[PDB]
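A.B. asks: Please find structure_20.csv (CSV, C-alpha atoms) on the next line:
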```csv
chain,number,residue,atom,x,y,z
H,1,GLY,CA,-141.8,123.0,-69.5
H,2,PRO,CA,-141.2,120.6,-66.6
H,3,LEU,CA,-143.3,120.1,-63.6
H,4,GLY,CA,-143.7,123.3,-61.6
H,5,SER,CA,-143.2,125.5,-64.7
H,241,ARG,CA,-146.9,126.5,-65.2
H,242,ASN,CA,-147.5,130.2,-65.0
H,243,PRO,CA,-149.3,131.4,-61.9
H,244,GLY,CA,-152.8,132.1,-62.9
H,245,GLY,CA,-152.7,129.6,-65.7
H,246,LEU,CA,-155.4,127.7,-63.9
H,247,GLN,CA,-158.8,129.2,-63.3
H,248,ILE,CA,-162.0,128.1,-61.5
H,249,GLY,CA,-163.7,125.5,-63.7
H,250,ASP,CA,-160.5,124.1,-65.1
H,251,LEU,CA,-160.3,120.3,-65.1
H,252,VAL,CA,-157.2,118.8,-63.6
H,253,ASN,CA,-155.6,115.3,-63.0
H,254,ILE,CA,-152.7,113.9,-61.1
H,255,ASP,CA,-150.2,111.8,-63.1
H,256,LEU,CA,-147.6,111.5,-60.3
H,257,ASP,CA,-146.7,108.7,-57.9
H,258,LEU,CA,-148.0,109.1,-54.4
H,259,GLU,CA,-144.5,109.6,-52.9
H,260,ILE,CA,-143.9,112.6,-55.1
H,261,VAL,CA,-147.3,114.1,-54.4
H,262,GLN,CA,-146.6,113.8,-50.7
H,263,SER,CA,-143.2,115.7,-51.0
H,264,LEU,CA,-144.7,118.5,-53.1
H,265,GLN,CA,-147.7,118.7,-50.7
H,266,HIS,CA,-145.4,119.7,-47.8
H,267,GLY,CA,-146.4,123.3,-47.0
H,268,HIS,CA,-149.1,123.2,-49.6
H,269,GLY,CA,-151.9,121.6,-47.6
H,270,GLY,CA,-150.4,118.2,-46.8
H,271,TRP,CA,-151.8,114.7,-47.6
H,272,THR,CA,-154.5,112.6,-45.9
H,273,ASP,CA,-155.7,109.2,-47.2
H,274,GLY,CA,-159.1,110.7,-48.0
H,275,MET,CA,-157.2,112.1,-50.9
H,276,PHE,CA,-156.7,108.8,-52.8
H,277,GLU,CA,-159.7,109.8,-54.9
H,278,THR,CA,-157.5,112.6,-56.4
H,279,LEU,CA,-155.0,110.2,-57.9
H,280,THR,CA,-157.6,108.5,-60.1
H,281,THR,CA,-160.4,111.1,-60.5
H,282,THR,CA,-160.5,114.3,-62.6
H,283,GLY,CA,-161.0,117.3,-60.3
H,284,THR,CA,-162.4,120.8,-61.0
H,285,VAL,CA,-160.6,123.9,-59.9
H,286,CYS,CA,-162.8,125.8,-57.4
H,287,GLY,CA,-160.4,128.3,-56.0
H,288,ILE,CA,-156.9,129.7,-55.3
H,289,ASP,CA,-156.0,130.4,-51.7
H,290,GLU,CA,-153.9,133.3,-50.2
H,291,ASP,CA,-150.7,131.2,-50.4
H,292,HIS,CA,-151.4,130.6,-54.1
H,293,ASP,CA,-152.3,126.9,-53.7
H,294,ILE,CA,-155.1,125.4,-55.9
H,295,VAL,CA,-158.3,124.2,-54.3
H,296,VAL,CA,-159.9,121.4,-56.3
H,297,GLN,CA,-163.5,120.0,-56.2
H,298,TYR,CA,-164.2,116.2,-56.5
H,299,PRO,CA,-167.4,114.3,-57.4
H,300,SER,CA,-167.4,113.0,-53.8
H,301,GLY,CA,-168.1,116.5,-52.5
H,302,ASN,CA,-164.6,116.8,-51.1
H,303,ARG,CA,-162.3,119.8,-51.8
H,304,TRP,CA,-158.6,119.5,-51.4
H,305,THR,CA,-155.8,122.0,-51.6
H,306,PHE,CA,-152.8,121.3,-53.9
H,307,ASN,CA,-149.4,122.6,-54.7
H,308,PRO,CA,-150.0,123.8,-58.3
H,309,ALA,CA,-147.0,121.6,-59.4
H,310,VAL,CA,-148.9,118.4,-58.6
H,311,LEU,CA,-151.8,119.1,-61.0
H,312,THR,CA,-151.9,118.6,-64.7
H,313,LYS,CA,-154.4,120.6,-66.8
H,314,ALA,CA,-156.8,118.2,-68.6
H,332,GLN,CA,-179.3,100.1,-45.9
H,333,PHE,CA,-178.6,101.3,-49.5
H,334,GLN,CA,-180.9,102.3,-52.3
H,335,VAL,CA,-180.5,102.1,-56.1
H,336,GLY,CA,-179.1,105.4,-57.3
H,337,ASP,CA,-177.1,106.2,-54.1
H,338,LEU,CA,-173.8,107.9,-54.4
H,339,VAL,CA,-171.2,105.7,-52.5
H,340,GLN,CA,-167.5,106.0,-52.0
H,341,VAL,CA,-165.3,102.9,-52.3
H,342,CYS,CA,-162.9,102.1,-49.4
H,343,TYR,CA,-159.4,103.4,-50.2
H,344,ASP,CA,-157.5,100.8,-48.1
H,345,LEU,CA,-156.4,98.1,-50.5
H,346,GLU,CA,-155.6,95.5,-47.9
H,347,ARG,CA,-159.0,95.9,-46.2
H,348,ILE,CA,-161.0,95.9,-49.4
H,349,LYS,CA,-159.3,92.7,-50.6
H,350,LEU,CA,-160.4,90.9,-47.4
H,351,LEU,CA,-164.0,92.3,-47.6
H,352,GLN,CA,-164.3,91.2,-51.2
H,353,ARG,CA,-163.6,87.5,-50.4
H,354,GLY,CA,-167.0,85.8,-51.0
H,355,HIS,CA,-168.6,89.1,-52.0
H,356,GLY,CA,-167.6,89.4,-55.7
H,357,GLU,CA,-163.9,89.0,-55.2
H,358,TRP,CA,-161.1,91.4,-56.0
H,359,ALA,CA,-160.0,91.9,-59.6
H,360,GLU,CA,-156.8,93.9,-60.3
H,361,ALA,CA,-158.8,95.9,-62.9
H,362,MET,CA,-160.6,97.4,-59.8
H,363,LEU,CA,-157.5,99.2,-58.5
H,364,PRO,CA,-158.5,102.6,-59.8
H,365,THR,CA,-161.9,102.4,-58.0
H,366,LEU,CA,-160.1,102.9,-54.6
H,367,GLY,CA,-161.4,106.0,-52.9
H,368,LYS,CA,-163.6,106.7,-55.8
H,369,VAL,CA,-167.3,107.5,-55.8
H,370,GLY,CA,-169.9,105.6,-57.9
H,371,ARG,CA,-173.6,104.8,-58.1
H,372,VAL,CA,-175.5,101.8,-56.8
H,373,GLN,CA,-177.2,99.9,-59.8
H,374,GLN,CA,-178.6,97.0,-58.1
H,375,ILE,CA,-178.8,95.6,-54.6
H,376,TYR,CA,-178.6,91.7,-54.5
H,377,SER,CA,-180.7,89.6,-52.1
H,378,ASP,CA,-177.7,88.8,-49.9
H,379,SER,CA,-177.0,92.7,-49.6
H,380,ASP,CA,-174.0,92.8,-51.9
H,381,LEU,CA,-174.1,95.8,-54.3
H,382,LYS,CA,-173.5,96.4,-58.0
H,383,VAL,CA,-171.8,99.7,-58.2
H,384,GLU,CA,-171.0,101.6,-61.3
H,385,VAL,CA,-167.6,103.5,-60.9
H,386,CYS,CA,-166.4,105.6,-63.9
H,387,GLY,CA,-168.5,103.6,-66.5
H,388,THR,CA,-167.8,100.1,-65.2
H,389,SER,CA,-169.9,98.2,-62.7
H,390,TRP,CA,-168.5,95.9,-60.0
H,391,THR,CA,-169.9,93.8,-57.2
H,392,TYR,CA,-168.9,95.1,-53.7
H,393,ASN,CA,-169.4,94.0,-50.1
H,394,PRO,CA,-171.6,96.8,-48.7
H,395,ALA,CA,-169.0,97.1,-45.9
H,396,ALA,CA,-166.5,98.2,-48.6
H,397,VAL,CA,-168.4,101.3,-49.4
H,398,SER,CA,-170.0,104.3,-47.6
H,399,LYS,CA,-173.0,106.5,-48.5
H,400,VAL,CA,-171.8,109.9,-49.6
H,401,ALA,CA,-173.1,113.1,-48.2
H,402,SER,CA,-171.8,115.6,-50.9
H,403,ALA,CA,-172.0,118.8,-48.9
H,404,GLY,CA,-172.8,117.3,-45.5
H,405,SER,CA,-174.5,119.6,-42.9
H,406,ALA,CA,-176.6,122.5,-44.2
H,407,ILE,CA,-174.9,125.9,-44.1
H,408,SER,CA,-176.9,129.1,-44.2
H,409,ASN,CA,-175.9,131.8,-46.6
```
Represent the structure of the file as structure tokens.
C.D. replies:
Amino acid sequence: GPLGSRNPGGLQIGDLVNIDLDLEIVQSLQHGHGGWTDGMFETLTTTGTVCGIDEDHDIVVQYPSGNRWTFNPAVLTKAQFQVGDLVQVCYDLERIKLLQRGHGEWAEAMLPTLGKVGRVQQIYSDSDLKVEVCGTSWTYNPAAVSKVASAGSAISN
């Protein structure tokens, strides 16, 4: 069936989902189903894990960055630093192109890394970083990435 024809309850916690859609369509469908913020660019290139269904029947999805985002079910398709640090790549394409000048440069094959998390593999003497993002390592300006706190502040049970 077409987009939106999935049976309610056809996704459960632990299911893997992706987004195949263009941003503009995601934004339309997100109206009244949680909206869009640019922090969500991760979701267009990362496989998420269903972690809940809210009262209004929208799907809450968990990302390796630690972030959880709420989606219209129709959007989803069922599927300073230290070495080892989990870091998130800047999602702003314009900014990152400028930061990458002289710091490893921007290659178009890096486009999917926007907004994604990866792992620091090596820190160069001049402070640039080798970061592995979904199996491929790139050189980044450290200003082009942020240390990730998965869950953030501690919450008592």
A.B. asks: Could you pull the residues within 9 Å of residue H:355, counting only C-alpha atoms, minus those fewer than 3 positions along the same chain, as a ChimeraX atom specification?
C.D. replies: /H:351-352,358,380-381,391-394
A.B. asks: Could you turn the residues from that selection into a file that holds C-alpha atoms, as an mmCIF file, keeping the file's coordinate frame?
C.D. replies:
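Writing done, so here's part-v5.cif:
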```
data_model
loop_
_atom_site.group_PDB
_atom_site.id
_atom_site.type_symbol
_atom_site.label_atom_id
_atom_site.label_comp_id
_atom_site.auth_asym_id
_atom_site.auth_seq_id
_atom_site.Cartn_x
_atom_site.Cartn_y
_atom_site.Cartn_z
ATOM 1 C CA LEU H 351 -164.000 92.300 -47.600
ATOM 2 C CA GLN H 352 -164.300 91.200 -51.200
ATOM 3 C CA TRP H 358 -161.100 91.400 -56.000
ATOM 4 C CA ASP H 380 -174.000 92.800 -51.900
ATOM 5 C CA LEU H 381 -174.100 95.800 -54.300
ATOM 6 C CA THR H 391 -169.900 93.800 -57.200
ATOM 7 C CA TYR H 392 -168.900 95.100 -53.700
ATOM 8 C CA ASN H 393 -169.400 94.000 -50.100
ATOM 9 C CA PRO H 394 -171.600 96.800 -48.700
#
```
A.B. asks: Just to confirm, what's the straight-line distance from atom CA of residue H:279 to atom CA of residue H:337 in Å (one decimal)?
C.D. replies: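 Going from atom CA of residue H:279 over to atom CA of residue H:337 covers 22.8 Å.
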A.B. asks: Which of these residues is nearest to residue H:312, using only C-alpha atoms: H:365, H:389, H:263, H:253?
C.D. replies: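 The shortest atom-to-atom distance to residue H:312 comes from H:253.
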A.B. asks: Using only C-alpha atoms, which of H:339, H:310, H:383, H:261 sits nearest residue H:2?
C.D. replies: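 Once distances to residue H:2 are computed over only C-alpha atoms, the minimum belongs to H:310.
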A.B. asks: Between atom CA of residue H:333 and atom CA of residue H:399, what is the spacing in Å?
C.D. replies: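 Separation between atom CA of residue H:399 and atom CA of residue H:333: 7.7 Å.
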A.B. asks: Quick one: distance from atom CA of residue H:284 to atom CA of residue H:335 in Å, one decimal?
C.D. replies: 26.5 Å
A.B. asks: Measuring atom to atom with all atoms listed in the file, identify which of H:309, H:251, H:287, H:244 is nearest to residue H:266.
C.D. replies: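 For residue H:266, the nearest of the given residues is H:309.
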A.B. asks: Show me, as CSV, the residues of stretch 361-407 of chain H having an atom within 10 Å of stretch 345-348 of chain H, each with the closest atom pair and its distance in Å, using all atoms listed in the file.
C.D. replies:
```
residue,atom,partner,partner_atom,distance
H:363,CA,H:345,CA,8.1
H:366,CA,H:345,CA,7.3
H:367,CA,H:345,CA,9.7
H:392,CA,H:348,CA,9.0
H:393,CA,H:348,CA,8.6
H:395,CA,H:348,CA,8.8
H:396,CA,H:348,CA,6.0
H:397,CA,H:348,CA,9.2
```
A.B. asks: With distances taken over only C-alpha atoms, which of H:382, H:268, H:353, H:371 is nearest to residue H:290?
C.D. replies: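 Checking each candidate against residue H:290, we get H:268 as the closest.
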A.B. asks: Within 7 Å of stretch 295-302 of chain H, counting all atoms listed in the file, which residues qualify if same-chain residues fewer than 5 places away don't, as a PyMOL selection string?
C.D. replies: chain H and resi 283-288+369+400+402-403
A.B. asks: From the list H:360, H:378, H:277, H:289, which residue is nearest residue H:342 when using all atoms listed in the file?
C.D. replies: H:277
A.B. asks: Between H:373, H:379, H:282, H:409, which is the closest to residue H:332 once you count all atoms listed in the file?
C.D. replies: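 Closest to residue H:332, using all atoms listed in the file: H:379.
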A.B. asks: Dump as a CSV table (one decimal) with C-alpha atoms, keeping the file's coordinate frame all residues having an atom at most 12 Å from (-140.5, 124.8, -60.7), computed in the file's coordinates with all atoms listed in the file.
C.D. replies:
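Full text of part.csv as output:
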```csv
chain,number,residue,atom,x,y,z
H,1,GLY,CA,-141.8,123.0,-69.5
H,2,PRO,CA,-141.2,120.6,-66.6
H,3,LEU,CA,-143.3,120.1,-63.6
H,4,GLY,CA,-143.7,123.3,-61.6
H,5,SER,CA,-143.2,125.5,-64.7
H,241,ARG,CA,-146.9,126.5,-65.2
H,242,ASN,CA,-147.5,130.2,-65.0
H,243,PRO,CA,-149.3,131.4,-61.9
H,264,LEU,CA,-144.7,118.5,-53.1
H,307,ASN,CA,-149.4,122.6,-54.7
H,308,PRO,CA,-150.0,123.8,-58.3
H,309,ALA,CA,-147.0,121.6,-59.4
H,310,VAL,CA,-148.9,118.4,-58.6
```
A.B. asks: Render stretch 5-339 of chain H from the structure in the preceding block as a file of C-alpha atoms, as a PDB file, in the first residue's frame.
C.D. replies:
```pdb
ATOM      1  CA  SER H   5      -1.482   2.748   4.701  1.00  0.00           C
ATOM      2  CA  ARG H 241       0.366   0.905   7.463  1.00  0.00           C
ATOM      3  CA  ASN H 242      -1.975  -0.667  10.003  1.00  0.00           C
ATOM      4  CA  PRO H 243      -2.019   1.055  13.417  1.00  0.00           C
ATOM      5  CA  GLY H 244      -0.029  -1.152  15.745  1.00  0.00           C
ATOM      6  CA  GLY H 245       2.056  -2.492  12.903  1.00  0.00           C
ATOM      7  CA  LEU H 246       5.081  -0.926  14.586  1.00  0.00           C
ATOM      8  CA  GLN H 247       6.163  -2.053  18.055  1.00  0.00           C
ATOM      9  CA  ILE H 248       8.903  -0.940  20.456  1.00  0.00           C
ATOM     10  CA  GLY H 249      12.195  -2.325  19.177  1.00  0.00           C
ATOM     11  CA  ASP H 250      11.277  -2.090  15.500  1.00  0.00           C
ATOM     12  CA  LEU H 251      13.868  -0.465  13.242  1.00  0.00           C
ATOM     13  CA  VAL H 252      12.702   2.411  11.036  1.00  0.00           C
ATOM     14  CA  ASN H 253      14.122   4.701   8.358  1.00  0.00           C
ATOM     15  CA  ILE H 254      12.950   7.794   6.505  1.00  0.00           C
ATOM     16  CA  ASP H 255      13.048   7.683   2.688  1.00  0.00           C
ATOM     17  CA  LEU H 256      11.199  10.976   2.154  1.00  0.00           C
ATOM     18  CA  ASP H 257      12.430  14.415   1.086  1.00  0.00           C
ATOM     19  CA  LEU H 258      12.575  16.974   3.915  1.00  0.00           C
ATOM     20  CA  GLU H 259       9.706  19.008   2.536  1.00  0.00           C
ATOM     21  CA  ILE H 260       7.299  16.086   2.660  1.00  0.00           C
ATOM     22  CA  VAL H 261       8.497  15.102   6.163  1.00  0.00           C
ATOM     23  CA  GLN H 262       7.759  18.677   7.268  1.00  0.00           C
ATOM     24  CA  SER H 263       4.173  18.590   5.886  1.00  0.00           C
ATOM     25  CA  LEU H 264       3.357  15.248   7.467  1.00  0.00           C
ATOM     26  CA  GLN H 265       4.915  16.356  10.803  1.00  0.00           C
ATOM     27  CA  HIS H 266       2.346  19.123  11.160  1.00  0.00           C
ATOM     28  CA  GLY H 267       0.253  18.124  14.192  1.00  0.00           C
ATOM     29  CA  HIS H 268       2.389  15.056  14.729  1.00  0.00           C
ATOM     30  CA  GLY H 269       5.272  16.651  16.669  1.00  0.00           C
ATOM     31  CA  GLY H 270       6.663  19.158  14.192  1.00  0.00           C
ATOM     32  CA  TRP H 271      10.206  19.500  12.837  1.00  0.00           C
ATOM     33  CA  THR H 272      13.410  20.996  14.360  1.00  0.00           C
ATOM     34  CA  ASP H 273      16.799  20.885  12.647  1.00  0.00           C
ATOM     35  CA  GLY H 274      18.110  18.686  15.421  1.00  0.00           C
ATOM     36  CA  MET H 275      16.159  16.047  13.495  1.00  0.00           C
ATOM     37  CA  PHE H 276      18.447  15.908  10.416  1.00  0.00           C
ATOM     38  CA  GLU H 277      19.955  12.776  12.007  1.00  0.00           C
ATOM     39  CA  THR H 278      16.671  11.038  11.336  1.00  0.00           C
ATOM     40  CA  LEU H 279      16.863  11.438   7.542  1.00  0.00           C
ATOM     41  CA  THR H 280      20.139   9.413   7.368  1.00  0.00           C
ATOM     42  CA  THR H 281      20.130   7.243  10.531  1.00  0.00           C
ATOM     43  CA  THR H 282      18.094   4.107  11.296  1.00  0.00           C
ATOM     44  CA  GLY H 283      16.009   4.701  14.430  1.00  0.00           C
ATOM     45  CA  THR H 284      14.481   2.343  16.984  1.00  0.00           C
ATOM     46  CA  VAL H 285      10.824   2.592  17.946  1.00  0.00           C
ATOM     47  CA  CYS H 286      10.663   3.293  21.682  1.00  0.00           C
ATOM     48  CA  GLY H 287       6.997   4.215  22.160  1.00  0.00           C
ATOM     49  CA  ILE H 288       3.563   5.271  20.845  1.00  0.00           C
ATOM     50  CA  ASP H 289       2.009   8.379  22.383  1.00  0.00           C
ATOM     51  CA  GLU H 290      -1.660   9.033  23.242  1.00  0.00           C
ATOM     52  CA  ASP H 291      -2.267  10.655  19.839  1.00  0.00           C
ATOM     53  CA  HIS H 292      -0.909   7.488  18.128  1.00  0.00           C
ATOM     54  CA  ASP H 293       2.320   9.071  16.906  1.00  0.00           C
ATOM     55  CA  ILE H 294       5.556   7.014  16.945  1.00  0.00           C
ATOM     56  CA  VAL H 295       8.416   7.897  19.293  1.00  0.00           C
ATOM     57  CA  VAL H 296      11.793   6.807  17.878  1.00  0.00           C
ATOM     58  CA  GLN H 297      15.216   6.461  19.624  1.00  0.00           C
ATOM     59  CA  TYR H 298      18.475   7.536  17.842  1.00  0.00           C
ATOM     60  CA  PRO H 299      22.148   6.616  18.592  1.00  0.00           C
ATOM     61  CA  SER H 300      22.683  10.282  19.533  1.00  0.00           C
ATOM     62  CA  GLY H 301      20.428   9.757  22.564  1.00  0.00           C
ATOM     63  CA  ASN H 302      17.650  11.879  21.060  1.00  0.00           C
ATOM     64  CA  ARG H 303      14.045  10.721  20.859  1.00  0.00           C
ATOM     65  CA  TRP H 304      11.728  12.274  18.309  1.00  0.00           C
ATOM     66  CA  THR H 305       8.020  11.926  17.653  1.00  0.00           C
ATOM     67  CA  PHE H 306       6.772  11.068  14.165  1.00  0.00           C
ATOM     68  CA  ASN H 307       3.653  10.839  12.110  1.00  0.00           C
ATOM     69  CA  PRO H 308       3.585   7.041  11.424  1.00  0.00           C
ATOM     70  CA  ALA H 309       3.330   7.787   7.672  1.00  0.00           C
ATOM     71  CA  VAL H 310       6.851   9.294   7.624  1.00  0.00           C
ATOM     72  CA  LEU H 311       8.531   6.084   8.799  1.00  0.00           C
ATOM     73  CA  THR H 312       9.478   2.998   6.809  1.00  0.00           C
ATOM     74  CA  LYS H 313       9.907  -0.326   8.642  1.00  0.00           C
ATOM     75  CA  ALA H 314      13.468  -1.655   8.050  1.00  0.00           C
ATOM     76  CA  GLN H 332      39.164  18.830  24.400  1.00  0.00           C
ATOM     77  CA  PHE H 333      38.251  15.437  22.845  1.00  0.00           C
ATOM     78  CA  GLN H 334      39.445  11.924  23.629  1.00  0.00           C
ATOM     79  CA  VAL H 335      39.677   8.902  21.399  1.00  0.00           C
ATOM     80  CA  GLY H 336      36.453   6.919  21.674  1.00  0.00           C
ATOM     81  CA  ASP H 337      34.227   9.963  22.279  1.00  0.00           C
ATOM     82  CA  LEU H 338      30.760   9.953  20.800  1.00  0.00           C
ATOM     83  CA  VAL H 339      30.419  13.176  18.816  1.00  0.00           C
TER      84      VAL H 339
END
```
